[PDB]
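Visitor: Dropping the structure in here first, questions after.
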Amino acid sequence: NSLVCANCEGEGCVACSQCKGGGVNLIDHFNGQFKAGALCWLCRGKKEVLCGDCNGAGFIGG
Ligand SMILES: [Zn+2]
Ligand SMILES: [Zn+2]
Ligand SMILES: [Zn+2]
């Protein structure tokens, strides 16, 4: 059976973990290519992504 996802609490989407919901990179990255203050490499300014644990379902199966 399904359980509501403990990581997002059912939201499915979550705040982007890279920019923390601000939309821009917070650091110059170790790769040398993502710059602090540029558009977030992961969410491209949308400020959210899908939850990694449930892939956006909000629930986990049995
Ligand atoms: Zn989730
Ligand atoms: Zn959301
Ligand atoms: Zn982001």
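Convention: chains lettered A, B, ... in structure tokens order; per-chain residue numbering from 1; ligands numbered from 1 as shown.
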Using only C-alpha atoms and all ligand atoms, which protein or nucleic acid residues are at most 9 Å from ligand 1, as a PyMOL selection string?

Guide: chain A and resi 4-14+50-60

Visitor: What does the list of residues within 12 Å of ligand 3 look like if you count only C-alpha atoms and all ligand atoms, written as a PyMOL selection string?

Guide: chain A and resi 14-27+34+36-50

Visitor: With C-alpha atoms retained, export the selected residues as a PDB file, in the first residue's frame.

Guide:
ATOM      1  CA  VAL A  14       9.919  20.634  -3.499  1.00  0.00           C
ATOM      2  CA  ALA A  15      12.000  23.800  -3.163  1.00  0.00           C
ATOM      3  CA  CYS A  16      15.107  23.506  -5.351  1.00  0.00           C
ATOM      4  CA  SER A  17      17.934  22.182  -3.120  1.00  0.00           C
ATOM      5  CA  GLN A  18      20.627  23.997  -5.260  1.00  0.00           C
ATOM      6  CA  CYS A  19      19.403  27.563  -5.114  1.00  0.00           C
ATOM      7  CA  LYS A  20      17.220  26.970  -2.002  1.00  0.00           C
ATOM      8  CA  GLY A  21      14.231  28.484  -3.713  1.00  0.00           C
ATOM      9  CA  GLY A  22      15.986  31.683  -4.712  1.00  0.00           C
ATOM     10  CA  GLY A  23      16.418  30.847  -8.466  1.00  0.00           C
ATOM     11  CA  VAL A  24      20.154  31.641  -8.774  1.00  0.00           C
ATOM     12  CA  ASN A  25      23.290  29.646  -8.011  1.00  0.00           C
ATOM     13  CA  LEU A  26      24.446  30.385  -4.484  1.00  0.00           C
ATOM     14  CA  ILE A  27      28.119  29.518  -5.046  1.00  0.00           C
ATOM     15  CA  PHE A  34      28.203  27.438 -12.769  1.00  0.00           C
ATOM     16  CA  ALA A  36      27.294  32.475  -8.223  1.00  0.00           C
ATOM     17  CA  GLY A  37      24.289  34.630  -9.039  1.00  0.00           C
ATOM     18  CA  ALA A  38      23.645  33.090 -12.488  1.00  0.00           C
ATOM     19  CA  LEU A  39      20.388  31.322 -13.266  1.00  0.00           C
ATOM     20  CA  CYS A  40      20.175  28.136 -11.155  1.00  0.00           C
ATOM     21  CA  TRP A  41      21.687  25.285 -13.069  1.00  0.00           C
ATOM     22  CA  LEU A  42      19.068  22.797 -11.779  1.00  0.00           C
ATOM     23  CA  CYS A  43      15.654  24.545 -11.751  1.00  0.00           C
ATOM     24  CA  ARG A  44      16.503  27.314 -14.213  1.00  0.00           C
ATOM     25  CA  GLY A  45      14.838  29.987 -12.068  1.00  0.00           C
ATOM     26  CA  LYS A  46      11.593  28.048 -11.350  1.00  0.00           C
ATOM     27  CA  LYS A  47      12.630  27.631  -7.711  1.00  0.00           C
ATOM     28  CA  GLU A  48      11.331  24.022  -7.488  1.00  0.00           C
ATOM     29  CA  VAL A  49      12.101  20.533  -8.704  1.00  0.00           C
ATOM     30  CA  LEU A  50      10.463  17.115  -8.273  1.00  0.00           C
TER      31      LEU A  50
END

Visitor: Can you pull out every residue from chain A that DSSP, working from the backbone, puts in strand (DSSP E), and format the result as an MDAnalysis selection string?

Guide: chainID A and resid 3:4 13:15 48:50 59:60

Visitor: Residues within 7 Å of residue A:61, please, as number ranges by chain. Count only C-alpha atoms; anything in the same chain fewer than 4 positions from it doesn't count.

Guide: A: 1-3
